[PDB]
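Here you get one chain, nothing else, as structure tokens; it is the form deposited in one PDB entry.
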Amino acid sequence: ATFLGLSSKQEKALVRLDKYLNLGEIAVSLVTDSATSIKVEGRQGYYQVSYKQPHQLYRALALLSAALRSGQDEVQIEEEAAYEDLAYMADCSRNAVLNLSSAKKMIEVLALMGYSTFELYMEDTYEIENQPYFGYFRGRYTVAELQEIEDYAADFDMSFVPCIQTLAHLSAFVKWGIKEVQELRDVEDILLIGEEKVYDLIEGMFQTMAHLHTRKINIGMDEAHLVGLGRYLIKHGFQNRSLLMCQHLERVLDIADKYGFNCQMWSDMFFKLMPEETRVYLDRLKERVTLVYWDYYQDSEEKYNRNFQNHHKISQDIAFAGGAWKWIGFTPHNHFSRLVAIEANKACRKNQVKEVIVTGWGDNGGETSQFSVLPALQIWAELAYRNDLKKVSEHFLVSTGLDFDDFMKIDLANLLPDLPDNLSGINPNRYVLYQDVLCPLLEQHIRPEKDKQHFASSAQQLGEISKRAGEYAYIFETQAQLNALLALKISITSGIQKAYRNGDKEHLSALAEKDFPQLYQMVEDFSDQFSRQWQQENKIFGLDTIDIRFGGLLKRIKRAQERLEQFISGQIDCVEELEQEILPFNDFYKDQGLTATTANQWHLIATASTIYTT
């Protein structure tokens, strides 16, 4: 294609996006117009594209690319976006630090989808001058790395917002047994309010971020239960948590003001607005921040509406944070993400929300692909720009080169048949993998025939998708292997429970001789595939935790084989592990009558023994 009206900046962006767009030999003219977000109009090889915000050029060109692929000559498209700002926040704090190549790829995709803003969540994973332990061995970003990411987003007229922590959720930092870190602590993952060395640290955070162009930052500042109750209590006695939060927030805002930053934060601290001089304190501080209402779970518009109404009692500056579900193990939940997005979008529109942030957390090790939730991201963009999903497949094909319904199957290891679609966090991908074989703590939450058949079918389906997934094949290969592994692991685990119960030493010998070596090899092969996926997407730091978890699983599989062999041979009279009555693992979904559950802490899945505690 050729263009009239481009800046040199837009020219360079279109060179970068050439591989996504399939415009062919057409002529496009550009206009800037505030009347509607995007307009694309033309026929017979000549089209005019208009955009309100500069970044919207790239979604407009994706819309044109799609309309022409669908066989249109005549094009007449107009979109009015619901949200002035639409952001994606990737988690870089849960061991997976997005590498620069992958950050650049994500920015390109987000540009084509229509996002205005890219965000990275970094607890301790950026460098601070004079804090050598902050981000130590974590793959922390350097200033130059953050600048490179910010500048790449700016190349597409997209903004950048760092999401940091100024009070709590600094667990990887506060673990270091050095005076200059320990003196900063209250208790658990929480920094010490009122400590001047803590305000020195926080000033360091802002000094790092001041090297960027952006002057918008998310400071966190959610309200942890133990704030004020550790070393704070020992130094000062008991204080109202809300008063401490106020004192701390004022200090943080005074620092942000010094460096020219405007702060966003979670709204939780202000729920009380929705002692005399403390209410006054909250009321003054609320004027200085943008509040973000976060909700990843609710299945009905009206539930969101009630919360928006309550927030608007105290401020009109309320942003919304929704969820692209990628924090429940190795496998995302784009399906659940879609369900909640549909409802949240209704509520955000009704309550005149101007900014939506889609969050991509990575809870407990960052085991899910950084690109696992592209479908959810497209869904939110379609909802924002069109208020429907009628063109989600056509637009997704531009964004990714793949079929949307194929990509949605990435979820399969979580999609057990007949689960209610509105229940979140159900993650057998993860807990079926990591549970022990001899002492399977999740065994009563598994349907050993039904679930096994689901995983086996899923592996076959994903094997076929991977062959047509191009540069994303690697993520589907990981999922195909996982599903195959889960099916065999269930067969063996449940098979041992039954053969042992019935004293069937012959079936146990078959398992020991044939199935165990197969399982062991499949786990080794899975670790190798996962390692390829990790290294494509993330810095090397953090893969070590997954090495530990997989290494341990492998050794436990070897133990199970050896213990069974000794029982079969007569070297031992019984396998005491297999004599124990198994109980439910948790009751999270007992009230809903489910067999599956949510279990999202590796150390609790893998063993009942102590492993972190003293």
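When you see a residue number, it is the position in the sequence shown, counting from 1. Under this definition, the rigid core comprises the largest set of C-alpha atoms superposing within 1.5 Å between the forms.
Asks: Select one of none, 1 to 3, 4 to 9, or 10 or more to describe the deposited residues without coordinates separating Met274 and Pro275.
Replies: 10 or more residues lack coordinates between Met274 and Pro275.
Asks: Between 159-167 and 513-521, which has the larger average Cα B-factor in the PDB entry?
Replies: The recorded data point to 513-521.
Asks: Comparing 445-453 with 276-284, where is the mean C-alpha B-factor higher?
Replies: Looking at the record's C-alpha B-factors, the answer is 276-284.
Asks: Between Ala560, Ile548, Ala66, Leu57, where does the Cα B-factor run highest in the record?
Replies: Highest CA B-factor of the listed options: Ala66.
Asks: So if I compare the CA B-factors in the entry for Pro417, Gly114, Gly220, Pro440, which one is the largest?
Replies: Going by the entry's C-alpha B-factors, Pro417 comes out highest.
Asks: Lowest, middle or highest third of the chain for the C-alpha temperature factor of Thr613?
Replies: CA B-factor rank for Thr613: highest third.
Asks: Using the temperature factors of the C-alpha atoms in this entry, rank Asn586 within its chain: lowest, middle or highest third.
Replies: Ranked within chain, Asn586 CA B lands in the lowest tercile.
Asks: Considering only modelled residues of the same chain, in which third does the CA B-factor of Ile605 rank: lowest, middle or highest?
Replies: For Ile605, the deposited C-alpha B-factor lands in the lowest third.
Asks: Quick check for you: using the entry's CA B-factors within this chain, is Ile568 in the lowest, middle or highest third?
Replies: For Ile568, the deposited C-alpha B-factor lands in the highest third.
Asks: Would you mind ranking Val398 by its C-alpha B-factor against the rest of the chain and naming the third, lowest, middle or highest?
Replies: Within its chain, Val398 is a middle-third residue by C-alpha B-factor, going by the deposited values.
Just so you know, the form deposited in another entry exists too; it's not on screen, but the next bit is about it.
Asks: Overlay on the rigid core first, then point out the one of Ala256, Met269, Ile492, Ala484 whose CA is displaced 2 Å or more between the shown form and the other one.
Replies: C-alpha shift of at least 2 Å: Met269.
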